[PDB]
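Visitor: Here you go, one structure.
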Amino acid sequence: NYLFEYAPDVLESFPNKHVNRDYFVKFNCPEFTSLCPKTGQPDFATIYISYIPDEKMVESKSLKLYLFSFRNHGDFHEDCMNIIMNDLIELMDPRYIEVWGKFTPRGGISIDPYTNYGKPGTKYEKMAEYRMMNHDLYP
Amino acid sequence: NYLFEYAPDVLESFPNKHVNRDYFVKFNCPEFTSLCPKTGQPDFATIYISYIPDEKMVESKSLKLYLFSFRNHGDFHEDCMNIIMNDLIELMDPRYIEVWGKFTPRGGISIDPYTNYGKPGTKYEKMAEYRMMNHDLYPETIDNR
Amino acid sequence: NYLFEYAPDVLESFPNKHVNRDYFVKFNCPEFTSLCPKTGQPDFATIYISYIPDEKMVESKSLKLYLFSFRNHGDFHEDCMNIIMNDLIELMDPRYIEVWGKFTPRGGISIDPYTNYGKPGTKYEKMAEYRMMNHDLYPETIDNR
Amino acid sequence: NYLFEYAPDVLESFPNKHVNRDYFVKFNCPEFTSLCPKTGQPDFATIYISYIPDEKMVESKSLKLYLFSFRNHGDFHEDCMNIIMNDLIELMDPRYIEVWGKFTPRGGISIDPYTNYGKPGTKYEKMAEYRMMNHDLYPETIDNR
Amino acid sequence: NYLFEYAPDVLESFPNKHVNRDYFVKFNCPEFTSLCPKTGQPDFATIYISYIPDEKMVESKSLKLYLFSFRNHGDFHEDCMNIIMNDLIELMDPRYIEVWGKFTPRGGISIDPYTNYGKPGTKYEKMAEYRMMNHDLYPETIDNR
Amino acid sequence: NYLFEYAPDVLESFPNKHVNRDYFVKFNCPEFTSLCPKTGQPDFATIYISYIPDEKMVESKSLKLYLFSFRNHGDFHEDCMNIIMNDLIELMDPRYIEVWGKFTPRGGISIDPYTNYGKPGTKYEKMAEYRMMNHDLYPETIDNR
Amino acid sequence: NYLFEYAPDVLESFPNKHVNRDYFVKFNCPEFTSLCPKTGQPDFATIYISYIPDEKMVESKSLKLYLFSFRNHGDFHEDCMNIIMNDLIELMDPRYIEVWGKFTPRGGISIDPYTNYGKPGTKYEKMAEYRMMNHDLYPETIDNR
Amino acid sequence: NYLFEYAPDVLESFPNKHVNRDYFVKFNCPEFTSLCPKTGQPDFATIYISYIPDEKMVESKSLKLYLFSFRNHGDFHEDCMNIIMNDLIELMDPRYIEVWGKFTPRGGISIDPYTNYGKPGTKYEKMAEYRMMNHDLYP
Amino acid sequence: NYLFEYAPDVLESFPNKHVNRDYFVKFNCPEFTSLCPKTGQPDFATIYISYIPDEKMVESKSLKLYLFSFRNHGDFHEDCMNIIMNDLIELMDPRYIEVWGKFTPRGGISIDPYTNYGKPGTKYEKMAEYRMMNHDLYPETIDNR
Amino acid sequence: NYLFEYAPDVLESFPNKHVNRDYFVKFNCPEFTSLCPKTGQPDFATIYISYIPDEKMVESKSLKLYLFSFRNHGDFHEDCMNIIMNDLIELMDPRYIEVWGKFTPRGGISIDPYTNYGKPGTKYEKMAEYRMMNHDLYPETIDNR
Ligand SMILES: *C(=N)c1c[nH]c2nc(N)[nH]c(=O)c12
Ligand SMILES: *C(=N)c1c[nH]c2nc(N)[nH]c(=O)c12
Ligand SMILES: *C(=N)c1c[nH]c2nc(N)[nH]c(=O)c12
Ligand SMILES: *C(=N)c1c[nH]c2nc(N)[nH]c(=O)c12
Ligand SMILES: *C(=N)c1c[nH]c2nc(N)[nH]c(=O)c12
Ligand SMILES: *C(=N)c1c[nH]c2nc(N)[nH]c(=O)c12
Ligand SMILES: *C(=N)c1c[nH]c2nc(N)[nH]c(=O)c12
Ligand SMILES: *C(=N)c1c[nH]c2nc(N)[nH]c(=O)c12
Ligand SMILES: [Mg+2]
Ligand SMILES: [Mg+2]
Ligand SMILES: [Mg+2]
Ligand SMILES: [Mg+2]
Ligand SMILES: [Mg+2]
Ligand SMILES: [Mg+2]
Ligand SMILES: [Mg+2]
Ligand SMILES: [Mg+2]
């Protein structure tokens, strides 16, 4: 009973009851897999998704169906992370978000795509830039 | 007989005998459990609470009884952490507090909410903000085993 | 072009380099996944496969593909570990084989099936029998994280 | 929506498609909790349950509900392990089963009861006596942390 | 209040509801401490106590009270493991019991006494001998850190 | 003989032969134990104490004697880490010092107090604040085993 | 001032208060050091001694002083283990003793001598022989790190 | 200053001062390497050597030069172990000996050659057979 | 046909698949060995090599061979780790590279050299500089076994 | 044949063939032992020594003899770490050095002194202050075993 072709319509949110404070929520996602765009051969990752909400929070079970909808779909690793992040923004429009994918290595290349976004003009935009900068120093 | 419905009133406090300095007290709470509000399904976590006290300290036995009262209480994980923190800010009026909840997976996915608080306009507010900006730069590895 | 419906036909063998000898060959697959028959929801495991060949060895590439062929097959985990063992037995006529499966949890519970075989009448059958009587005397610590 | 008063009847089985082979299945159950009989206070454990089937497997979702069904039932740990074992023997009439429960400490002491059973008059009874007599020759280091 | 000088009387038992089976129960006890009989200097150990009950079980809190009773009691470690064993034999009349204590080092050398018992005349007696013959065949690495 | 009620006087110091440099010395102290002030029930912790000396160092055996002096002394853990810190500040007048205690759990919850200090007015004072601001950013996994 | 030349005379013993049963006492001795007889080069080991006592027990402090006396004493590792055991058989007249020495590598190569002894014509002689026949069936992994 | 072509003459022994008792000595040897006989490509192992002496013991430093003398020599893994064991017998003529080589795996094959020998006719001959039998059950 | 005298010429490169990106590529060599210049005696290590490519990647086969070419080269370990880094830099023009070396002990002491580089002027040079300032803040426990 | 009374003069250096690059070299030294100054009793440690060279490397065989040279010399642990650091600064005049000593426990307490140095007025002095101020933010678990 499961969309395994790409399905952002599945994502869902509930209100944040604590808009006064900045807090962090992290989803750990070790069951992520999707198709590789050229070969067609499955790829696998743990996805770590962290966000500071503004007014809307993503619902867990809807994030899980969302993540499954990748199982039978192909696009690259970097884009894949931007896709996930952008839908999550579209969904929540949060103060801050980051999506870090850790793919099983293939040739010694730990292909570990990292993206983030802070709300434009705000102190989050600078936190993005700062966290991004940090990311490489010890990934 | 224990009360397993939500009970902020249990919480008790005693005077900090060492107000003149900043120190950190941590509680490790591996035995935490509650209900998913939509499902009724139980959910489990380890909660870390750390706080620099001002004039009042939380008494452990009461923190135990307080965390038990979640046992048959539905709420989303993110709310619980915020609610636990608020009851503690209300009881204690701390310089600084953080509550970090690490829940066991559902549907493959586990939720780690982290909230903090510094006393407004003080060096602790800026502290809350530095530890938020910097929270979890190096996320630990999670395989669900 | 990869088959994501169950596909035994993709398994291939080659001549064992030392028939003279008993050596274990070990395969370790951290990315097996299949469907769960009741609900359609995906399942995840690391499969450990060890065997002592007679004349034939499984071509390690083709085993990878074989395992990916489970990605849309729907079966229970116990059954899967037995299908994989059987298919490998049919392909290879091994002296000894075992397949151990470590699933990620569902509902808080994870399921580790372990199945073995040794050639009937041989000391390999004695070996499989002893390994079953002694399997997992000390289960590893599991907290779903 | 869920039963949390003790309910054996929630247990479900399905046929073993591989009756003619001995294999092991393990359930890791890190989310168990019940009440202490005198005090009323919550107990916590990881339960490991490994069993060899004959004709009936226990369905995991149903084992889940069955384990939940202990959240508000009080019993001593030793009892609980034997009750769980007994309701699983009832349900499935298996060749061999073991239940090993590892509880969080109280008063500094933690209690880890281990119970097994092999179908009487068979090699499995001997496996039980063997696994019992060799039980925990090397107990894992415990420091309560 | 809490008796800190030695106290067998505290120990309490309750019937075994499952006498018709053999099962093990273990107590992990990482908080034990006692006195050295010449010097008067405290010593510390983790004690493991595993036993197969017959009709009576030891009540957990009474055990914590019984082990507290060594806090200001002088004895050598070898004697303490035996005394502890004897008081529990006397209270319980168990089918089998063992007491393994791991002490923290002194002058560079730690002492790990291990004593057991089985009901004289029975298969449990032979158990004790087997477990004693085979005790600690692979001793763990200790580096005093 | 050995004083088991609290005793600052025992502490002793000796000159630092290397005052013209900053260096750290740590004491690992896994054998500490004390009383709970309402109940009277013993508690246990590993305490880490690290400090940067100025002119005086703490003499190791005197420290063991000083920590013994809490064995029959009632206090809460938060106060003990501070008292310990104050007696060593008073004895030593160190450039920097911290005392981190990790207690064993009670009713499921362990308390890890962390306090520090640096000479007021100096760069060490800023050290203390930095180490306090950045304390325990990644708290360790505790499961009470 | 301590004596660091070989000194069997230091060893002291006290009565076993529990002669009526067989129990094992283990000493972990991580701090053992001596000299290579040809080189003068110091050599280091961890020694495990385990023994079922008869009427006499070795006193730890004396075992400490005894093992120190190797500090400036040359002998091959295999001899030391045999000599340590003999001094202990001479002092104690035990039912059973084993001494297992694990030395740190020289020239890439480390030497693990293991010796044992059962009281002649008794069930302990047969014990010495069973634990010799079976010694180290599963050697632990050594990489020199 | 080191024989790296095969050199059994290097081995050396000293008397056993305790001929009354059966005891075990084990050498752990993680620095073993030699040449593979066909390809010519280096192979690597930990060698665990255990013996119960009779009257003569092997000297450590001479066992180390002996082991080095393999560095530049080629023969198979199984033979290699029998070679080491046989020289050690020739040297010591012990009550019991076993040589277990654990080579870095190459294709998933843990090529872990195990040989032993008990003194012919004695209770060691049966201990050999028994330990050999044990070896496979959990190697 | 393999060269066992030092042979840089055997290293080969290929086009980086994602120049667009920063990914670490990691090589892990558990079987490096070379000669020690003073004494002629062989030396052993595990070499860890990580780098961020620009346009070129080292062909992993040829790196294996390159490393085997040290088998009769005589040099110190610090020098070796630098020769290997240099040769890799010359071959690949990497953005960032580091080589960490873990030798087996000689005389009781083991030597772990660590060397890095980042393209001069780039943020990679900032990266190498920070990694050197922060390298091995917590050395792993080493007991030569 | 060997010096075991303290002897700085045994230290030897050789030129750095890679002067124009900062790199780290670590010495793991698990075999260290000295005498306690008052008691006369043997002390034991693992010493970690990491340093960045300028023009002179310390030769390891000579560091070996230098460390042996402490076997019969008495000093306190804190002193010994500073003496070792100082004789190594003398010998090599390096960009940066640290000596971290981890000693076996006495009276329950073990002492782990950490000392560093960066060449004064340079970036290395800042690295020392940094590595000092961030020293041991997470102390390793110690249980004395
Ligand atoms: C149940 N506890 C539950 C169900 N869906 C959830 N979504 C989020 N974000 N958090 C929860 O705690 C959820
Ligand atoms: C889904 N795969 C599923 C649902 N219930 C199960 N029960 C058992 N025993 N095994 C499974 O794989 C199950
Ligand atoms: C509470 N669960 C409790 C209290 N006392 C106990 N004693 C034993 N043996 N087992 C328990 O589970 C106990
Ligand atoms: C003190 N507890 C002490 C001192 N010496 C001892 N020797 C032995 N064997 N056992 C002890 O418990 C000892
Ligand atoms: C007993 N030691 C005890 C009981 N309750 C406590 N609460 C706090 N906060 N600290 C303690 O040390 C406590
Ligand atoms: C020095 N301790 C040394 C030198 N050679 C030895 N050979 C053997 N077998 N044992 C030793 O302890 C040796
Ligand atoms: C032999 N390789 C050797 C001998 N002495 C050494 N000293 C140092 N520092 N490094 C080495 O590789 C050495
Ligand atoms: C013995 N080595 C000893 C005795 N007391 C000591 N105190 C300190 N601080 N350091 C030591 O190394 C000590
Ligand atoms: Mg995990
Ligand atoms: Mg885990
Ligand atoms: Mg623990
Ligand atoms: Mg240890
Ligand atoms: Mg733990
Ligand atoms: Mg090791
Ligand atoms: Mg080691
Ligand atoms: Mg330890």
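In the structure tokens, chains take letters A, B, ... by order of appearance, with residues numbered from 1 within each chain and ligands from 1 in the order shown.
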How would you write, as a PyMOL selection string, the set of residues no farther than 8 Å from ligand 13 when counting only C-alpha atoms and all ligand atoms?

Guide: (chain D and resi 142-145) or (chain F and resi 141-145)

Visitor: Could those residues be written to a file, using N, CA and C atoms, as a PDB file, in the first residue's frame?

Guide:
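In the end it all went to part36.pdb:
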ATOM      1  N   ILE D 142      29.085  -5.277  34.272  1.00  0.00           N
ATOM      2  CA  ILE D 142      28.012  -4.326  34.596  1.00  0.00           C
ATOM      3  C   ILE D 142      28.462  -3.332  35.644  1.00  0.00           C
ATOM      4  N   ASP D 143      28.318  -2.053  35.333  1.00  0.00           N
ATOM      5  CA  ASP D 143      28.714  -0.970  36.238  1.00  0.00           C
ATOM      6  C   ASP D 143      27.527  -0.024  36.523  1.00  0.00           C
ATOM      7  N   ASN D 144      26.355  -0.411  36.081  1.00  0.00           N
ATOM      8  CA  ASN D 144      25.153   0.363  36.259  1.00  0.00           C
ATOM      9  C   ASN D 144      25.112   1.639  35.453  1.00  0.00           C
ATOM     10  N   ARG D 145      25.933   1.750  34.436  1.00  0.00           N
ATOM     11  CA  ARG D 145      25.943   2.938  33.587  1.00  0.00           C
ATOM     12  C   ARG D 145      25.956   2.643  32.093  1.00  0.00           C
TER      13      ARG D 145
ATOM     14  N   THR F 141      26.167   8.098  26.021  1.00  0.00           N
ATOM     15  CA  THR F 141      25.046   7.187  26.151  1.00  0.00           C
ATOM     16  C   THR F 141      25.025   6.429  27.491  1.00  0.00           C
ATOM     17  N   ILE F 142      23.931   6.557  28.250  1.00  0.00           N
ATOM     18  CA  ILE F 142      23.749   5.901  29.531  1.00  0.00           C
ATOM     19  C   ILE F 142      22.524   5.080  29.349  1.00  0.00           C
ATOM     20  N   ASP F 143      22.593   3.831  29.789  1.00  0.00           N
ATOM     21  CA  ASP F 143      21.466   2.912  29.736  1.00  0.00           C
ATOM     22  C   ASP F 143      21.351   2.208  31.101  1.00  0.00           C
ATOM     23  N   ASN F 144      22.181   2.626  32.043  1.00  0.00           N
ATOM     24  CA  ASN F 144      22.074   2.103  33.383  1.00  0.00           C
ATOM     25  C   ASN F 144      22.506   0.628  33.451  1.00  0.00           C
ATOM     26  N   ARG F 145      23.373   0.178  32.534  1.00  0.00           N
ATOM     27  CA  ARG F 145      24.013  -1.149  32.603  1.00  0.00           C
ATOM     28  C   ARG F 145      25.524  -1.014  32.496  1.00  0.00           C
TER      29      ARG F 145
END

Visitor: Working over all C-alpha atoms in order, superimpose chain J onto chain F by least squares and state the RMSD in Å.

Guide: 0.2 Å

Visitor: Could you pull the residues within 8 Å of residue 136 in chain F, counting only C-alpha atoms, minus those fewer than 2 positions along the same chain, as a ChimeraX atom specification?

Guide: /F:134,138-139 /J:137-138

Visitor: Quick one: residues within 7 Å of range 91-105 of chain G, only C-alpha atoms, excluding same-chain residues fewer than 3 positions away - as a count of residues only?

Guide: 34

Visitor: Using only C-alpha atoms and all ligand atoms, find each protein or nucleic acid residue lying at most 7 Å from ligand 8; present the set as number ranges by chain.

Guide: F: 57-61; J: 35-39, 43, 75-78

Visitor: What are the residues of chain C that have an atom within 9 Å of an atom of chain A, counting only C-alpha atoms, as a PyMOL selection string?

Guide: chain C and resi 1-2+30-31+33+39-44+65+68+71+104

Visitor: Can I get the selection written as a short mmCIF file (atom, residue, chain, number, x, y, z; two decimals), in the first residue's frame, with N, CA, C and O atoms?

Guide:
data_model
loop_
_atom_site.label_atom_id
_atom_site.label_comp_id
_atom_site.auth_asym_id
_atom_site.auth_seq_id
_atom_site.Cartn_x
_atom_site.Cartn_y
_atom_site.Cartn_z
N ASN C 1 19.93 -1.97 -16.34
CA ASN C 1 19.18 -3.27 -16.30
C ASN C 1 19.55 -4.17 -15.09
O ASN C 1 20.57 -4.90 -15.09
N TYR C 2 18.73 -4.07 -14.03
CA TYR C 2 18.77 -4.97 -12.87
C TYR C 2 17.34 -5.44 -12.59
O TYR C 2 16.38 -4.65 -12.69
N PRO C 30 25.59 -5.37 3.89
CA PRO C 30 24.97 -4.41 4.80
C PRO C 30 23.71 -3.78 4.21
O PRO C 30 23.04 -3.05 4.88
N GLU C 31 23.35 -4.13 2.99
CA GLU C 31 22.26 -3.43 2.34
C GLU C 31 21.26 -4.32 1.69
O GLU C 31 20.89 -4.14 0.54
N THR C 33 17.46 -5.45 1.59
CA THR C 33 16.14 -4.93 1.88
C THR C 33 15.17 -5.72 0.99
O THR C 33 15.52 -6.04 -0.16
N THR C 39 1.87 -6.03 5.07
CA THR C 39 1.65 -4.59 5.05
C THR C 39 2.27 -3.90 3.84
O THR C 39 1.91 -2.77 3.52
N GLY C 40 3.21 -4.56 3.17
CA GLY C 40 3.82 -3.94 2.00
C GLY C 40 5.02 -3.09 2.37
O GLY C 40 5.77 -2.71 1.49
N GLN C 41 5.19 -2.78 3.66
CA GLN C 41 6.29 -1.95 4.14
C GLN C 41 7.68 -2.66 4.02
O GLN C 41 7.80 -3.85 4.33
N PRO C 42 8.71 -1.91 3.56
CA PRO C 42 10.05 -2.37 3.38
C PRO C 42 10.75 -2.75 4.68
O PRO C 42 10.41 -2.25 5.74
N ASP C 43 11.74 -3.62 4.57
CA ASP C 43 12.44 -4.18 5.67
C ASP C 43 13.90 -4.12 5.36
O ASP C 43 14.27 -4.05 4.17
N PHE C 44 14.74 -4.12 6.41
CA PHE C 44 16.16 -3.89 6.21
C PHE C 44 17.02 -4.79 7.06
O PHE C 44 16.68 -5.06 8.21
N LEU C 65 23.86 -8.85 -6.77
CA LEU C 65 22.65 -8.79 -7.61
C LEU C 65 21.50 -9.66 -7.13
O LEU C 65 20.31 -9.26 -7.14
N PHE C 68 20.01 -7.85 -4.20
CA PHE C 68 19.19 -6.74 -4.69
C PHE C 68 17.86 -7.23 -5.29
O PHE C 68 16.86 -6.51 -5.25
N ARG C 71 14.38 -6.62 -3.55
CA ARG C 71 13.92 -5.30 -3.24
C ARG C 71 12.39 -5.13 -3.41
O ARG C 71 11.78 -4.41 -2.64
N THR C 104 16.34 -4.57 11.06
CA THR C 104 16.13 -3.30 11.83
C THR C 104 14.78 -3.42 12.48
O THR C 104 13.95 -4.14 12.00
#

Visitor: Identify, with DSSP run on backbone atoms, the residues in range 36-138 of chain I assigned to strand (DSSP E or B), and express the list as an NGL selection string.

Guide: :I and (42-52 or 56-58 or 74 or 96-103 or 106 or 109-118)

Visitor: May I have all residues of range 30-130 of chain H that DSSP, computed from the backbone, assigns to helix (DSSP H, G or I), given as a count of residues only?

Guide: 33

Visitor: With a cut-off of 6 Å, could you pull out the residues of chain D touching chain C and give me the nearest pair of atoms for each, distance in Å to one decimal, using only C-alpha atoms, ordered by chain and ascending number, as a Markdown table?

Guide:
| residue | atom | partner | partner_atom | distance |
| --- | --- | --- | --- | --- |
| D:23 | CA | C:115 | CA | 4.6 |
| D:24 | CA | C:114 | CA | 4.9 |
| D:25 | CA | C:113 | CA | 4.3 |
| D:26 | CA | C:112 | CA | 4.8 |
| D:27 | CA | C:111 | CA | 4.8 |
| D:28 | CA | C:110 | CA | 5.2 |
| D:29 | CA | C:109 | CA | 5.0 |
| D:30 | CA | C:143 | CA | 5.3 |
| D:127 | CA | C:133 | CA | 6.0 |

Visitor: Pull N, CA, C and O atoms from the residues just selected and write them as a tab-separated table (two decimals), in the first residue's frame.

Guide:
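part-v1.tsv, written as the output of this step:
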chain	number	residue	atom	x	y	z
D	23	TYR	N	16.14	-24.29	12.47
D	23	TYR	CA	16.79	-22.98	12.40
D	23	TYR	C	16.43	-22.12	13.59
D	23	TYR	O	15.45	-22.40	14.29
D	24	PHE	N	17.23	-21.09	13.86
D	24	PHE	CA	17.02	-20.24	15.04
D	24	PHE	C	16.33	-18.92	14.67
D	24	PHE	O	16.67	-18.30	13.66
D	25	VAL	N	15.34	-18.48	15.40
D	25	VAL	CA	14.98	-17.10	15.27
D	25	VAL	C	15.04	-16.30	16.54
D	25	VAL	O	14.56	-16.70	17.52
D	26	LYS	N	15.71	-15.16	16.49
D	26	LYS	CA	15.84	-14.30	17.69
D	26	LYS	C	15.02	-12.98	17.61
D	26	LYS	O	15.05	-12.27	16.60
D	27	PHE	N	14.36	-12.66	18.70
D	27	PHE	CA	13.67	-11.41	18.85
D	27	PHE	C	14.38	-10.58	19.86
D	27	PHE	O	14.44	-10.97	21.02
D	28	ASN	N	14.88	-9.43	19.44
D	28	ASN	CA	15.44	-8.42	20.38
D	28	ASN	C	14.35	-7.45	20.78
D	28	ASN	O	13.62	-6.96	19.95
D	29	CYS	N	14.15	-7.27	22.07
D	29	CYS	CA	12.98	-6.57	22.57
D	29	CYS	C	13.40	-5.60	23.62
D	29	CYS	O	13.19	-5.87	24.80
D	30	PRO	N	14.03	-4.47	23.21
D	30	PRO	CA	14.64	-3.47	24.09
D	30	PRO	C	13.66	-2.45	24.77
D	30	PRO	O	14.12	-1.58	25.46
D	127	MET	N	19.66	-30.01	24.59
D	127	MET	CA	20.16	-28.70	24.25
D	127	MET	C	19.81	-27.68	25.36
D	127	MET	O	20.69	-26.90	25.78

Visitor: Mind pulling up the distance from CA of residue 21 in chain C to CA of residue 87 in chain H?

Guide: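 Separation between CA of residue 87 in chain H and CA of residue 21 in chain C: 22.8 Å.
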
Visitor: Just to confirm, what's the straight-line distance from CA of residue 120 in chain F to CA of residue 55 in chain F in Å (one decimal)?

Guide: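 Those two atoms sit 16.3 Å apart.
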